[PDB]
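**Q** Pasting a structure here, questions to come.
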Amino acid sequence: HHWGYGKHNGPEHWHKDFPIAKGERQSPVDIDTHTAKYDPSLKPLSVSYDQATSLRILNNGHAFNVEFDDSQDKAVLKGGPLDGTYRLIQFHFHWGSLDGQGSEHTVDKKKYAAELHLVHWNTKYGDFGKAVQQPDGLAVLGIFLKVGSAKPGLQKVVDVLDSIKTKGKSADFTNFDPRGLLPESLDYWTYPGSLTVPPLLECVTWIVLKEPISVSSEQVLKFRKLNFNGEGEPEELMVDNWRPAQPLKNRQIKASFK
Ligand SMILES: NS(=O)(=O)c1c(F)c(F)c(SCCO)c(F)c1NC1CCCCCCC1
Ligand code: NA
Ligand SMILES: [Zn+2]
């Protein structure tokens, strides 16, 4: 009876195994755009993905992860609210059964169809497993997806999904350039928070871009053909793998713009 997204094991259940679910800096949150304050001390984000080395794509039974070589400083995030250098380790998405839901963060209560998370770890901590134990261990770049025009840079991901339909399947996924998933503007909101799945560790600096990317209806429909189950088990479509907004508590969301 492990955690997941269903009625019986979904977000409202997680606190029983992971009491940090009711903690002081949980994610995601609603971003109230009128309360978020512009912070002129924030810096432009530096997203340096030119040397990114993708390796593999894995259906882990919750989402799919596109994994990178993080054994040297290749693809890094710095600047913005961050001190120091964070190395890209993986990205993944959260999405809905319908276009009107699927994002984890919300903007003035608006849900997007999906949300991309590029996960990076603080190189001061030496590895990804040590970084998750630290209050400033991770930096996650969050990008909303809306349904409209296709995102050409997403198509290589969509096209491999049929090879990793079920939990525990993986496929080689080299030479994928994550710069093709970025919007035009790097304006962002930032706040301190957590992983959005168990173990729900409070180790994340969240950086959520204001400008969504557009993906096509066909692209997101392909995400919704994946399965949470393993091969040879009853089919459970991988949809609605998002945690709802959590209490902001004693936190301020800062804006890099306006
Ligand atoms: N939003 S997120 O970054 O918290 C996240 C998901 F929501 C996911 F659904 C997943 S799928 C694997 C769950 O074990 C994920 F890897 C991450 N990223 C992981 C990075 C930390 C190291 C592994 C522990 C799980 C979170
Ligand atoms: Na290496
Ligand atoms: Zn995520």
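By order in the structure tokens, chains are A, B, ...; within a chain, residues start at 1; ligands start at 1, following the order shown.
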Neighbours of ligand 1 within 8 Å, counting only C-alpha atoms and all ligand atoms, as JSON, numbers by chain?
**A** {"A": [60, 61, 62, 63, 64, 65, 90, 91, 92, 93, 94, 117, 118, 119, 128, 129, 132, 140, 194, 195, 196, 197, 198, 199, 200, 241, 242, 243]}
**Q** With 9 Å as the cut-off and only C-alpha atoms counted, what is the closest atom pair between each nearby residue of range 87-171 of chain A and range 22-38 of chain A? Distances in Å to one decimal, ordered by chain and number, as CSV.
**A**
```
residue,atom,partner,partner_atom,distance
A:104,CA,A:28,CA,5.6
A:105,CA,A:28,CA,5.1
A:106,CA,A:30,CA,4.6
A:107,CA,A:31,CA,4.8
A:108,CA,A:32,CA,4.9
A:109,CA,A:30,CA,6.1
A:110,CA,A:30,CA,8.5
```
**Q** Please write the residues from the selection above to a file, keeping C-alpha atoms, as a compact mmCIF listing (two decimals), in the first residue's frame.
**A**
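Ended up saving to out.txt:
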```
# COMPACT_ATOMS: atom_id res chain seq x y z
CA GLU A 104 1.00 21.77 -9.03
CA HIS A 105 1.56 25.47 -8.53
CA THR A 106 -1.41 27.69 -9.33
CA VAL A 107 -1.49 31.39 -10.24
CA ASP A 108 -4.34 33.28 -8.55
CA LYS A 109 -5.95 29.83 -8.31
CA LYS A 110 -5.55 29.16 -12.08
```
**Q** Within 12 Å of ligand 2 (counting only C-alpha atoms and all ligand atoms), which residues show up? I'd like them as a PyMOL selection string.
**A** chain A and resi 53+68-74
**Q** Which polymer residues have any atom within 9 Å of an atom of range 212-223 of chain A, counting only C-alpha atoms, with same-chain residues fewer than 2 positions away left out, as a PDB file with N, CA, C and O atoms, in the first residue's frame?
**A**
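File produced: part_25.pdb:
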```pdb
ATOM      1  N   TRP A  95       0.760  16.322 -14.776  1.00  0.00           N
ATOM      2  CA  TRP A  95      -0.296  16.697 -15.730  1.00  0.00           C
ATOM      3  C   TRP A  95      -1.626  16.108 -15.308  1.00  0.00           C
ATOM      4  O   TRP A  95      -1.755  15.277 -14.399  1.00  0.00           O
ATOM      5  N   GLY A  96      -2.652  16.581 -16.020  1.00  0.00           N
ATOM      6  CA  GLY A  96      -4.026  16.259 -15.680  1.00  0.00           C
ATOM      7  C   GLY A  96      -4.703  15.206 -16.564  1.00  0.00           C
ATOM      8  O   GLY A  96      -4.151  14.818 -17.595  1.00  0.00           O
ATOM      9  N   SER A  97      -5.895  14.773 -16.135  1.00  0.00           N
ATOM     10  CA  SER A  97      -6.764  13.995 -17.015  1.00  0.00           C
ATOM     11  C   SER A  97      -7.496  14.887 -18.030  1.00  0.00           C
ATOM     12  O   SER A  97      -8.051  14.342 -18.986  1.00  0.00           O
ATOM     13  N   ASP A  99      -7.589  19.222 -19.747  1.00  0.00           N
ATOM     14  CA  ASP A  99      -6.680  20.348 -19.943  1.00  0.00           C
ATOM     15  C   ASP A  99      -6.791  21.368 -18.813  1.00  0.00           C
ATOM     16  O   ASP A  99      -5.874  22.152 -18.608  1.00  0.00           O
ATOM     17  N   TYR A 112      -2.904  25.189 -14.629  1.00  0.00           N
ATOM     18  CA  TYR A 112      -2.463  24.909 -15.991  1.00  0.00           C
ATOM     19  C   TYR A 112      -2.604  23.416 -16.333  1.00  0.00           C
ATOM     20  O   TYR A 112      -2.820  22.601 -15.440  1.00  0.00           O
ATOM     21  N   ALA A 113      -2.484  23.073 -17.622  1.00  0.00           N
ATOM     22  CA  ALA A 113      -2.661  21.694 -18.068  1.00  0.00           C
ATOM     23  C   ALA A 113      -1.555  20.785 -17.518  1.00  0.00           C
ATOM     24  O   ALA A 113      -1.682  19.558 -17.423  1.00  0.00           O
ATOM     25  N   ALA A 114      -0.386  21.368 -17.286  1.00  0.00           N
ATOM     26  CA  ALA A 114       0.763  20.573 -16.863  1.00  0.00           C
ATOM     27  C   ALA A 114       1.830  21.497 -16.272  1.00  0.00           C
ATOM     28  O   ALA A 114       1.705  22.733 -16.354  1.00  0.00           O
ATOM     29  N   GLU A 115       2.842  20.895 -15.628  1.00  0.00           N
ATOM     30  CA  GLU A 115       3.945  21.690 -15.083  1.00  0.00           C
ATOM     31  C   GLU A 115       5.221  20.861 -15.207  1.00  0.00           C
ATOM     32  O   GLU A 115       5.235  19.694 -14.842  1.00  0.00           O
ATOM     33  N   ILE A 143       7.917  25.226 -14.784  1.00  0.00           N
ATOM     34  CA  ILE A 143       7.443  25.924 -15.993  1.00  0.00           C
ATOM     35  C   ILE A 143       6.054  25.386 -16.259  1.00  0.00           C
ATOM     36  O   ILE A 143       5.829  24.194 -16.389  1.00  0.00           O
ATOM     37  N   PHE A 144       5.083  26.301 -16.400  1.00  0.00           N
ATOM     38  CA  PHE A 144       3.709  25.858 -16.690  1.00  0.00           C
ATOM     39  C   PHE A 144       3.539  25.520 -18.170  1.00  0.00           C
ATOM     40  O   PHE A 144       4.184  26.128 -19.030  1.00  0.00           O
ATOM     41  N   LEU A 145       2.683  24.527 -18.435  1.00  0.00           N
ATOM     42  CA  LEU A 145       2.283  24.232 -19.814  1.00  0.00           C
ATOM     43  C   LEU A 145       0.794  24.525 -20.001  1.00  0.00           C
ATOM     44  O   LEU A 145      -0.045  24.128 -19.185  1.00  0.00           O
ATOM     45  N   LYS A 146       0.513  25.240 -21.119  1.00  0.00           N
ATOM     46  CA  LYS A 146      -0.857  25.443 -21.571  1.00  0.00           C
ATOM     47  C   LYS A 146      -1.025  24.788 -22.935  1.00  0.00           C
ATOM     48  O   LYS A 146      -0.052  24.562 -23.659  1.00  0.00           O
ATOM     49  N   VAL A 147      -2.279  24.408 -23.229  1.00  0.00           N
ATOM     50  CA  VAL A 147      -2.570  23.739 -24.493  1.00  0.00           C
ATOM     51  C   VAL A 147      -2.873  24.783 -25.575  1.00  0.00           C
ATOM     52  O   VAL A 147      -3.805  25.576 -25.449  1.00  0.00           O
ATOM     53  N   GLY A 148      -2.110  24.725 -26.665  1.00  0.00           N
ATOM     54  CA  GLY A 148      -2.323  25.622 -27.789  1.00  0.00           C
ATOM     55  C   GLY A 148      -1.487  25.097 -28.939  1.00  0.00           C
ATOM     56  O   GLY A 148      -1.715  23.978 -29.387  1.00  0.00           O
ATOM     57  N   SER A 149      -0.485  25.889 -29.342  1.00  0.00           N
ATOM     58  CA  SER A 149       0.463  25.470 -30.380  1.00  0.00           C
ATOM     59  C   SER A 149       1.461  24.440 -29.856  1.00  0.00           C
ATOM     60  O   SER A 149       1.888  24.509 -28.704  1.00  0.00           O
ATOM     61  N   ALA A 150       1.844  23.475 -30.714  1.00  0.00           N
ATOM     62  CA  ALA A 150       2.854  22.486 -30.347  1.00  0.00           C
ATOM     63  C   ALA A 150       4.165  23.141 -29.905  1.00  0.00           C
ATOM     64  O   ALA A 150       4.543  24.223 -30.370  1.00  0.00           O
ATOM     65  N   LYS A 151       4.870  22.464 -28.986  1.00  0.00           N
ATOM     66  CA  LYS A 151       6.214  22.860 -28.589  1.00  0.00           C
ATOM     67  C   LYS A 151       7.195  21.938 -29.303  1.00  0.00           C
ATOM     68  O   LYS A 151       7.275  20.746 -29.050  1.00  0.00           O
ATOM     69  N   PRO A 152       7.871  22.427 -30.365  1.00  0.00           N
ATOM     70  CA  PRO A 152       8.688  21.524 -31.188  1.00  0.00           C
ATOM     71  C   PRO A 152       9.742  20.800 -30.355  1.00  0.00           C
ATOM     72  O   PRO A 152       9.981  19.622 -30.585  1.00  0.00           O
ATOM     73  N   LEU A 154       9.583  19.727 -27.454  1.00  0.00           N
ATOM     74  CA  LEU A 154       9.014  18.650 -26.632  1.00  0.00           C
ATOM     75  C   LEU A 154       8.783  17.365 -27.414  1.00  0.00           C
ATOM     76  O   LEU A 154       8.571  16.295 -26.841  1.00  0.00           O
ATOM     77  N   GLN A 155       8.765  17.432 -28.760  1.00  0.00           N
ATOM     78  CA  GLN A 155       8.311  16.293 -29.543  1.00  0.00           C
ATOM     79  C   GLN A 155       9.200  15.060 -29.367  1.00  0.00           C
ATOM     80  O   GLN A 155       8.664  13.974 -29.287  1.00  0.00           O
ATOM     81  N   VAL A 158       7.784  13.303 -26.413  1.00  0.00           N
ATOM     82  CA  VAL A 158       6.491  12.678 -26.691  1.00  0.00           C
ATOM     83  C   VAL A 158       6.693  11.394 -27.488  1.00  0.00           C
ATOM     84  O   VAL A 158       6.039  10.382 -27.228  1.00  0.00           O
ATOM     85  N   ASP A 159       7.661  11.434 -28.418  1.00  0.00           N
ATOM     86  CA  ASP A 159       7.699  10.301 -29.332  1.00  0.00           C
ATOM     87  C   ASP A 159       8.309   9.066 -28.683  1.00  0.00           C
ATOM     88  O   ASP A 159       8.148   7.969 -29.224  1.00  0.00           O
ATOM     89  N   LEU A 161       7.564   8.029 -25.579  1.00  0.00           N
ATOM     90  CA  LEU A 161       6.714   7.601 -24.472  1.00  0.00           C
ATOM     91  C   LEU A 161       6.098   6.230 -24.731  1.00  0.00           C
ATOM     92  O   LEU A 161       5.909   5.462 -23.787  1.00  0.00           O
ATOM     93  N   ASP A 162       5.862   5.933 -26.009  1.00  0.00           N
ATOM     94  CA  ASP A 162       5.310   4.623 -26.309  1.00  0.00           C
ATOM     95  C   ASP A 162       6.299   3.503 -25.943  1.00  0.00           C
ATOM     96  O   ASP A 162       5.859   2.360 -25.749  1.00  0.00           O
ATOM     97  N   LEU A 181      12.715  23.522 -24.059  1.00  0.00           N
ATOM     98  CA  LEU A 181      11.492  23.496 -23.251  1.00  0.00           C
ATOM     99  C   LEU A 181      11.244  24.843 -22.550  1.00  0.00           C
ATOM    100  O   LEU A 181      10.291  24.953 -21.747  1.00  0.00           O
ATOM    101  N   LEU A 182      12.155  25.824 -22.721  1.00  0.00           N
ATOM    102  CA  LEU A 182      12.062  27.082 -21.977  1.00  0.00           C
ATOM    103  C   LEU A 182      11.134  28.046 -22.711  1.00  0.00           C
ATOM    104  O   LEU A 182      10.997  28.033 -23.936  1.00  0.00           O
ATOM    105  N   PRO A 183      10.452  28.948 -21.984  1.00  0.00           N
ATOM    106  CA  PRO A 183       9.727  30.022 -22.666  1.00  0.00           C
ATOM    107  C   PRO A 183      10.734  31.121 -23.002  1.00  0.00           C
ATOM    108  O   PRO A 183      11.886  31.041 -22.676  1.00  0.00           O
ATOM    109  N   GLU A 184      10.219  32.201 -23.579  1.00  0.00           N
ATOM    110  CA  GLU A 184      11.025  33.303 -24.047  1.00  0.00           C
ATOM    111  C   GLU A 184      11.575  34.095 -22.862  1.00  0.00           C
ATOM    112  O   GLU A 184      12.756  34.427 -22.846  1.00  0.00           O
ATOM    113  N   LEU A 209       8.617  30.059 -13.365  1.00  0.00           N
ATOM    114  CA  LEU A 209       8.592  31.069 -14.430  1.00  0.00           C
ATOM    115  C   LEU A 209       7.167  31.561 -14.632  1.00  0.00           C
ATOM    116  O   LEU A 209       6.194  30.784 -14.590  1.00  0.00           O
ATOM    117  N   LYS A 210       7.032  32.881 -14.857  1.00  0.00           N
ATOM    118  CA  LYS A 210       5.712  33.450 -15.113  1.00  0.00           C
ATOM    119  C   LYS A 210       5.140  33.058 -16.474  1.00  0.00           C
ATOM    120  O   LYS A 210       3.923  32.904 -16.599  1.00  0.00           O
ATOM    121  N   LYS A 225      -1.449   8.748 -22.121  1.00  0.00           N
ATOM    122  CA  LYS A 225      -1.489   7.340 -22.499  1.00  0.00           C
ATOM    123  C   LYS A 225      -0.500   6.508 -21.698  1.00  0.00           C
ATOM    124  O   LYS A 225      -0.502   5.267 -21.750  1.00  0.00           O
ATOM    125  N   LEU A 226       0.385   7.161 -20.937  1.00  0.00           N
ATOM    126  CA  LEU A 226       1.287   6.405 -20.071  1.00  0.00           C
ATOM    127  C   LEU A 226       0.497   5.703 -18.988  1.00  0.00           C
ATOM    128  O   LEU A 226      -0.684   5.965 -18.764  1.00  0.00           O
ATOM    129  N   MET A 238      -1.683   7.057 -16.403  1.00  0.00           N
ATOM    130  CA  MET A 238      -0.883   8.021 -15.643  1.00  0.00           C
ATOM    131  C   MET A 238      -1.431   9.414 -15.957  1.00  0.00           C
ATOM    132  O   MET A 238      -1.084  10.055 -16.944  1.00  0.00           O
ATOM    133  N   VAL A 239      -2.367   9.827 -15.104  1.00  0.00           N
ATOM    134  CA  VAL A 239      -2.988  11.149 -15.204  1.00  0.00           C
ATOM    135  C   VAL A 239      -3.197  11.703 -13.790  1.00  0.00           C
ATOM    136  O   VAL A 239      -3.322  10.922 -12.846  1.00  0.00           O
TER     137      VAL A 239
END
```
**Q** Please indicate the distance in Å from CA of residue 130 in chain A to CA of residue 84 in chain A, rounded to one decimal place.
**A**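 Going from CA of residue 130 in chain A over to CA of residue 84 in chain A, I get 15.8 Å.
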**Q** With distances taken over only C-alpha atoms, which of A:255, A:138, A:189, A:244 is nearest to residue 101 in chain A?
**A**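 Nearest candidate to residue 101 in chain A out of A:255, A:138, A:189, A:244: A:244.
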**Q** Smallest atom-to-atom distance to ligand 3: which of A:49, A:206, A:257, A:228, using only C-alpha atoms and all ligand atoms?
**A** A:206
**Q** Need the shell around residue 81 in chain A: protein/DNA/RNA residues with any atom at most 10 Å away, counting only C-alpha atoms. Skip same-chain ones fewer than 5 positions apart. Format as a tab-separated table (two decimals) with N, CA and C atoms, in the first residue's frame?
**A**
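Output file part34.tsv is given in full below:
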```
chain	number	residue	atom	x	y	z
A	39	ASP	N	11.17	42.08	-5.81
A	39	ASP	CA	12.40	42.14	-5.01
A	39	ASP	C	13.54	42.61	-5.90
A	41	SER	N	16.47	43.16	-5.33
A	41	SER	CA	17.74	42.49	-5.04
A	41	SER	C	17.87	41.12	-5.72
A	42	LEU	N	16.78	40.60	-6.29
A	42	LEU	CA	16.89	39.35	-7.05
A	42	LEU	C	17.68	39.57	-8.34
A	43	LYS	N	18.39	38.52	-8.76
A	43	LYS	CA	19.17	38.60	-9.98
A	43	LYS	C	18.46	37.85	-11.08
A	44	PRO	N	18.81	38.17	-12.35
A	44	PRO	CA	18.28	37.41	-13.48
A	44	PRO	C	18.74	35.98	-13.21
A	45	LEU	N	17.92	35.02	-13.62
A	45	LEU	CA	18.31	33.64	-13.54
A	45	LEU	C	19.44	33.43	-14.56
A	139	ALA	N	17.30	23.22	-6.18
A	139	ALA	CA	16.63	24.33	-6.85
A	139	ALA	C	15.81	23.68	-7.96
A	189	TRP	N	8.78	33.84	-10.11
A	189	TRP	CA	8.49	33.93	-8.68
A	189	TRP	C	9.40	32.95	-7.95
A	190	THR	N	9.72	33.23	-6.68
A	190	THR	CA	10.53	32.30	-5.91
A	190	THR	C	10.05	32.24	-4.46
A	191	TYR	N	10.19	31.06	-3.85
A	191	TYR	CA	9.85	30.92	-2.43
A	191	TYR	C	10.50	29.64	-1.95
A	205	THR	N	14.56	25.38	-3.09
A	205	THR	CA	14.29	26.74	-3.52
A	205	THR	C	13.51	26.63	-4.81
A	206	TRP	N	12.26	27.07	-4.75
A	206	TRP	CA	11.41	27.01	-5.94
A	206	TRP	C	11.56	28.26	-6.78
A	207	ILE	N	11.69	28.06	-8.08
A	207	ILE	CA	11.76	29.18	-9.02
A	207	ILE	C	10.75	28.86	-10.10
A	254	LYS	N	8.42	35.96	-3.70
A	254	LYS	CA	9.08	37.14	-4.23
A	254	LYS	C	9.03	37.09	-5.74
A	256	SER	N	10.61	38.49	-9.50
A	256	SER	CA	11.82	39.04	-10.08
A	256	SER	C	11.49	40.21	-10.98
```
**Q** To one decimal in Å, tell me the separation between CA of residue 51 in chain A and CA of residue 164 in chain A.
**A**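 CA of residue 164 in chain A lies 25.7 Å from CA of residue 51 in chain A.
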